[PDB]
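Protein chains in written order, with UniProt numbering: chain W, 457 to 555; chain C, 78 to 130, 138 to 192; chain G, 289 to 299, 307 to 335, 341 to 675, 686 to 796, 802 to 858; chain L, 471 to 503, 527 to 559, 563 to 653, 699 to 757, 773 to 793, 809 to 930; chain V, 296 to 404, 410 to 413; chain F, 153 to 175, 179 to 280; chain S, 153 to 175, 179 to 280; chain U, 1 to 51. What follows is a set of notes on a single structure, which appears directly below.
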Amino acid sequence: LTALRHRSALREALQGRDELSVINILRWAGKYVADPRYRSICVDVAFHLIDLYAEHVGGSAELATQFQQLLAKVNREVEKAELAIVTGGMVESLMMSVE
Amino acid sequence: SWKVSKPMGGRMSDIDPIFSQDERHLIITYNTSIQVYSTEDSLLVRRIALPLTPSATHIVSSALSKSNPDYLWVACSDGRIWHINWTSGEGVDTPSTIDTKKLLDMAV
Amino acid sequence: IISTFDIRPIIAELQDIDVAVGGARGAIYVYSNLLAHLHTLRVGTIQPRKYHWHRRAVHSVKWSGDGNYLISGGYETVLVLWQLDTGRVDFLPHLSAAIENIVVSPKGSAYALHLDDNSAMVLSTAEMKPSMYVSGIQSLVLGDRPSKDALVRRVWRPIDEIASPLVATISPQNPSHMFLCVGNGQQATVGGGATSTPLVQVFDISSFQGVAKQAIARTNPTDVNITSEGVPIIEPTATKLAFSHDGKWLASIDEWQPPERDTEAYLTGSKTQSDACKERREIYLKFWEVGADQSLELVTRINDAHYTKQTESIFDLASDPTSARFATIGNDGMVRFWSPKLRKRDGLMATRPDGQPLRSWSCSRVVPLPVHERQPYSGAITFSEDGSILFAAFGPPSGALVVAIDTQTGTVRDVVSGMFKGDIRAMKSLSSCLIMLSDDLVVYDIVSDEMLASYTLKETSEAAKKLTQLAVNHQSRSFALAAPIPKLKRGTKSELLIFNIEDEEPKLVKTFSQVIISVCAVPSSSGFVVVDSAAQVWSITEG
Amino acid sequence: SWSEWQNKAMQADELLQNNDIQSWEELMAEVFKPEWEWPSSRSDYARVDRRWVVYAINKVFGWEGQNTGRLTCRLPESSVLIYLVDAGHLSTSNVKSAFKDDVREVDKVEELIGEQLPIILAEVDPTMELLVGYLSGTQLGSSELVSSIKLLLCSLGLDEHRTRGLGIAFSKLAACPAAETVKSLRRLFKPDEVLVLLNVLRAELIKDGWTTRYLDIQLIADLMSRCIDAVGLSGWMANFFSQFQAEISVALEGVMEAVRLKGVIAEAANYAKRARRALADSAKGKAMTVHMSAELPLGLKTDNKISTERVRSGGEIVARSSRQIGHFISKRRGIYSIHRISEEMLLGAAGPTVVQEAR
Amino acid sequence: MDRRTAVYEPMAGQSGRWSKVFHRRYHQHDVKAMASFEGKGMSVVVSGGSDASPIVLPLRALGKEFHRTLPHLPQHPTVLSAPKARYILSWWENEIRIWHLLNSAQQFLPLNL
Amino acid sequence: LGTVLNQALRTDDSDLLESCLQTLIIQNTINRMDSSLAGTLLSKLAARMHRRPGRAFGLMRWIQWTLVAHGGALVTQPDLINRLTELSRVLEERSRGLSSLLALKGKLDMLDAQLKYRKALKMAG
Amino acid sequence: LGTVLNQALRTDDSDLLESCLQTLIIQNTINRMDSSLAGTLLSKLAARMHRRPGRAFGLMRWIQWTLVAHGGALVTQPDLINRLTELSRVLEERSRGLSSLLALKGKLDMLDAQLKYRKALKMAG
Amino acid sequence: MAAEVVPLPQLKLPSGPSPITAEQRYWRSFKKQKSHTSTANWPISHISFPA
RNA sequence: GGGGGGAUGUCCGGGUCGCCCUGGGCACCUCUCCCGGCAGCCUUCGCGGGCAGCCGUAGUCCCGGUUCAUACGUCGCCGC
């Protein structure tokens, strides 16, 4: 995915999918949006997927859950991303009283 | 007190880099230089510099003299034509003007 | 539209000719029998055979000797061979760059390629290895003949342009060698719109032959040079590269951002495509060991050097001239000193399989900088010539200020301000003075704390403003800057000014027929070398 | 220029010993380019040479040699002084260049100047409009900034100039980095004055209204952070902090659901704008796929105009052919559609009337 | 089967030696059959593929004149209607399909169609 | 409260809008609302948005469900984009402090929690 | 679980630390913990922090209360700053996506909520 | 100079500040486990081998 | 996109009451030049300059509704 973003073709890789295949790519993006080692590539393929397959979310319902279940982790990823910078200032506190 | 050396190196121009007779030397025409390489070892055996001077003038074309080898017809943008000989440098100081508005190509 | 063409004679009488016109749409037309079709009011119908493989304009097409093979070469970096008796092709796919010119020897055995990255190779046929190789300086060139594929209104029309100064160092402990940044080809470098130079080549200064080549960023000479849409792919550019004091260590930075036509789908509110690219900037900082075969080896690669809520760009880096330590200043506001140590996790050192211990560079010191914002900043740094003290110019518009920091300890020894009229361009440090250049140039001593030399430069375009730069000798106390005489185009004139440290009279002024791209200082002796866009190199010296 | 300026400086020393400050003011007027009439723009000040600047600073300010000197006003009432403050030359680097001789053995020079200068300006002018001019003009350090905030707080805790200067100092100290700000704030303040300052910043927050109900920022968060952990535990070691963190939590809840609806309203706005273009085009009769009903279409998508340019191989661009445009339009058309032709169409003037089945 | 039609001409010089002048994708599916004709001032070749549409190509002036895709729909209209009952009707292999329309269009001058 | 909201919107009331909105029924209202009234509604909430930024907990929910139900009404009602973008920068003023206020919460929360630790020690001491 | 945590910390256990930590009592543990053990504790949690970033809901609370209670222990125990800064950049890797993931939540939430609107229409249809 | 074809090099991702070191993989690479009980569950007093 | 007009349909005070208009709301067609792009022809080595310009939107006789992709050299097994 990083090579396919370095070459300008990630849209080309995603734009011709089918229903079960796009469910699979949503499933992988949902599973691995949590890790901060590749949250960037994961949110990039998530952006392109929402842009490229948002019209048949009513035509099929099993895809509709996977878009919603992508939210549920995103709604839970922001909280851990929120608390991490709460501690991020909390650890900044002791590193200034040490001097 | 300071001094500036002569230009060396250069850009390899888009004219076809020509072969010699008997396949042993390759004569490559840069801009403001034309130099001949020994092929088996990849080493320049001669570098015939060419003075250019009129802002954007370039070596337009170059070829061997098809009558007699070891002679190069070289032609620049403004109409100057050199009849130099590789394995020496006889002819750099003596170009010949052709009295032209602008030269676009040549063929011997 | 005719790009190139080669004719071949059907023979001491001339019975016929057979021409191959390589047309810039990517086609190769073969006209079979022209003289027998045009000797005879009326003419019989002619119909050129179409061979279409390339995508961009073919740069050269030639028949090979006995006329069985129609060989060709274009921008896709591949020497194709049309079999022309059967219907097959067979090809040498992975050169360095675009196939600019080809020829065949009088005997049919040797091919000869002029490669776009300043090179030439004599190949033996069916050996297909370069029996002879010659490479030059490979800088950015403003070519007189503009381009063979700029004729048909492509998506990005390739322009004869210079954007940025050449990233080039003269290496100590072998001053005749010069490390400098080159892309894959000249055309492939300037194509796409942005400079894309992920290669370092080493070039010999005594005898101007390009010694060797190596890759810094990621680079795929085995992949397709173009995307499916038609845009040339852009690689990470090596922005800053400075050399150690030992001659054995090397620090590089590469920057890369996706295209603004690529993003198209991350824009939510007031976010433009340029904003999306500048947010998805990727930047690596890489520490390399230099082996005496001029071999570059990685030891360290930091992904987030100057990091805040998003990634921040790195402005400059410089080596301490006494110890092995690289300072970097960036868009965050802090200045970071990196030093090498040995990998030792728990007393268990990890070694090379030969036995030598692995070293790794890491952040030695962190120095936050003071900021004074009155009512898009830049950076620059330079060590002293004696070490222990580092000058750091921080560069908001007109208000911009220098800070001199001790290196033994993270305390600030000095801060001066009011010394810049515009945005900073760069800064060096002589024996006691700082030579800074912004829209104005100032030589300023710090031992007396006084502006020795001041200069207002003539107002010029933004390209020339980015194109000026200076370099200092450090052996004979003399600096020299480089400026083109006033958007950039082909025929321009430039002049450089070698000053001395003490006076205001430039000891040498020389205008040049082409605009100069790089100025560097040989460390072993006095003087400088200079690289000019009509890519020629020459040396200036005292005596 | 060195010898000419040295003679001019010698003339100024002669006039200093002769003690004619009027003609000295006029020579400095002709230098800086008595009446001494002002321009009404802080930026619109002419360029002047650094040697004249530092000589003027040496003339107006003073030093006390006892291992720690003290700037003093040899000329406390001077248009030269108010010009220096207005043009912003009163920096630590400038005063170091003015006092290169007497200082080189003194330590902590930046700290000493940044703690001494605003006290001097505050005793020069009790009305501190000169001080707000200082805060608005000069490049300031964090020491100078926290010192000026101290002077404003002692002044307050005809009634808007001080608050103007206080807000300018707040923005400037937010721009100033964390380390030096914390160090000089802990140095120059006391924890009770810090608590008063936190009450000022709480007043800024609650007056901006981050808690007081709806239907009935950067700089403040940064400054509260730097002050709180400049004091630290050795100062505080209550319900004060309980109610304070209650209000902070209310603010953060506001801003988080704010970024939520910011994203939502941004995507709906951009869809309504593309819809404006598409509705104008469907009214003209370009016959694209338009939504009609009052609920949103699921994918927030429209059909833009088909471009007049195509992409050929390998990378060139050509103008689209009307034939292919019609091919794509027949593609874009749906299953069932009512396409009424009129007599104006048969004459050749107007267009048709189209309603397609909403796919 | 690469939906691809190529045109071959003799090479000049040696006898009986052929080479590919030019190729192009005329059809949309695989080109299954073709037959040529040359008479009464008309030189054509017609190629039927799997897209039901026969394409004719000029032979002696190939590359000098455009080809032509004949209509794959039958020449007889094969659609009829009883306008009084508003019935439209069509037919193929063994079935006859009848649609009713139930309304005019002046009423519709989106969700009801 | 459908006709109530509908009256207040098309009559440019204030206090009737307060009476119906200052408090399920929220979704029922926005289901029974009409279209250009929802456009004026979003306009009025943008006014309340900038004027007093204290309790977001009701009005962001109201704007949310409005964009849900009659969002596509504004799509075919598309000359009034300014009513959306006059809010859309208003909420980008509302995000400012989240760049740094979160770091203040961390540095301040320990001062709370250290009191909490000496207060959880206090009953046992 | 004070002696339990204390054993696992000074013996460099793994599974005993799991047994006591993978689940009030959290505050009681950190009250009864000892000092250099808390330093090694923060080190081990930093390991868990980078290794699997799934459930923050327990371990951030643990690190929180540790910095509360024995934070000032690390202050007079100050040669081990690397144990704090090895986490302190680990959490600045943990903030990356909050620059843009929040904008993905908004663009995606309407696709949820539009389904929610057609699903709240569905019982009545 | 035909540059040889190269497959896609994998990513050297950053590791956290507790890598499984070489000795750790060694002492976990002491792989195959056999549990031989003693007679009547006697506690094993000593084990040894010559040099 | 702007500035302006010529002409299309409309309600609110309306007007002897009609051609319409002024004040408000307006959506379309036409002209006008500046904006962004393309091309041609002359002058210059180029940098640039000059000239009459087209495109910024829609559906065809047929039909560009095309043409276009990156090799060999050697395979397999096991170990560090």
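The beta-carbon is built from N, C-alpha and C at its ideal position, and this holds for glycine as well.
Candidates the options, of which the one nearest residue i by Cα
i, options, result
"residue 232/F", "175/F, 190/F, 164/F and 174/F", "190/F"
"residue 557/L", "598/L, 578/L and 533/L", "598/L"
"residue 332/V", "361/V, 354/V and 312/V", "354/V"
"residue 559/L", "602/L, 595/L, 851/L and 572/L", "602/L"
"residue 546/G", "505/G, 592/G and 561/G", "592/G"
"residue 388/V", "397/V, 373/V and 411/V", "373/V"
"residue 164/C", "183/C, 117/C and 104/C", "183/C"
"residue 550/G", "699/G, 556/G, 511/G and 541/G", "541/G"
"residue 181/F", "234/F, 156/F, 163/F and 194/F", "156/F"
Three-state secondary structure assigned by DSSP to residue i
i, result
"residue 517/W", "coil"
"residue 779/G", "strand"
"residue 233/S", "helix"
"residue 212/S", "helix"
"residue 739/G", "strand"
"residue 551/W", "helix"
"residue 780/L", "helix"
"residue 477/G", "strand"
"residue 546/G", "coil"
"residue 413/V", "coil"
Spatial distance of residue i from residue j (CA atoms)
i, j, result
"residue 555/L", "residue 569/L", "6 Å"
"residue 482/W", "residue 503/W", "11 Å"
"residue 351/G", "residue 204/S", "60 Å"
"residue 403/V", "residue 911/L", "11 Å"
"residue 801/G", "residue 449/G", "As shown, the structure holds no coordinates for residue 801/G; chain G passes over it, running from 796 to 802."
"residue 736/L", "residue 723/L", "15 Å"
"residue 572/L", "residue 710/G", "30 Å"
"residue 716/G", "residue 199/S", "36 Å"
"residue 795/G", "residue 376/G", "37 Å"
"residue 484/W", "residue 464/W", "21 Å"
Same chain, Cβ closer than 8 Å to residue i, neighbours up to 5 away in sequence not counted
i, result
"residue 394/V", "382, 383 and 384"
"residue 223/F", "185"
"residue 848/G", "439, 440, 441, 442, 462, 829, 830, 831 and 832"
Chain-order list of residues whose beta-carbon lies under 6 Å from that of residue i (same chain, five-residue window excluded)
i, result
"residue 724/G", "714"
"residue 745/G", "738, 753 and 789"
Q) Is the region 397-415 of chain G in contact with the region 78-97 of chain C, if contact means three or more CB pairs nearer than 8 Å? A) Yes: the two stretches touch, three or more of their Cβ pairs being nearer than 8 Å.
Q: Check whether the region 394-411 of chain G touches the region 355-372 of chain G, counting contact only when three or more Cβ pairs, one atom from each stretch, lie closer than 8 Å.
A: The region 394-411 of chain G makes contact with the region 355-372 of chain G; the number of CB pairs closer than 8 Å reaches 3 or more.
Q. Are the region 543-555 of chain W and the region 256-270 of chain F touching by the rule of at least three beta carbon pairs closer than 8 Å?
A. The region 543-555 of chain W, when compared against the region 256-270 of chain F, does touch it at the 8 Å Cβ threshold.
Q. Does the pairing of the region 605-615 of chain L with the region 626-643 of chain L give three or more beta-carbon distances under 8 Å?
A. Remark: three or more beta-carbon pairs, one from each stretch, lie closer than 8 Å, so the region 605-615 of chain L and the region 626-643 of chain L are flagged as touching.
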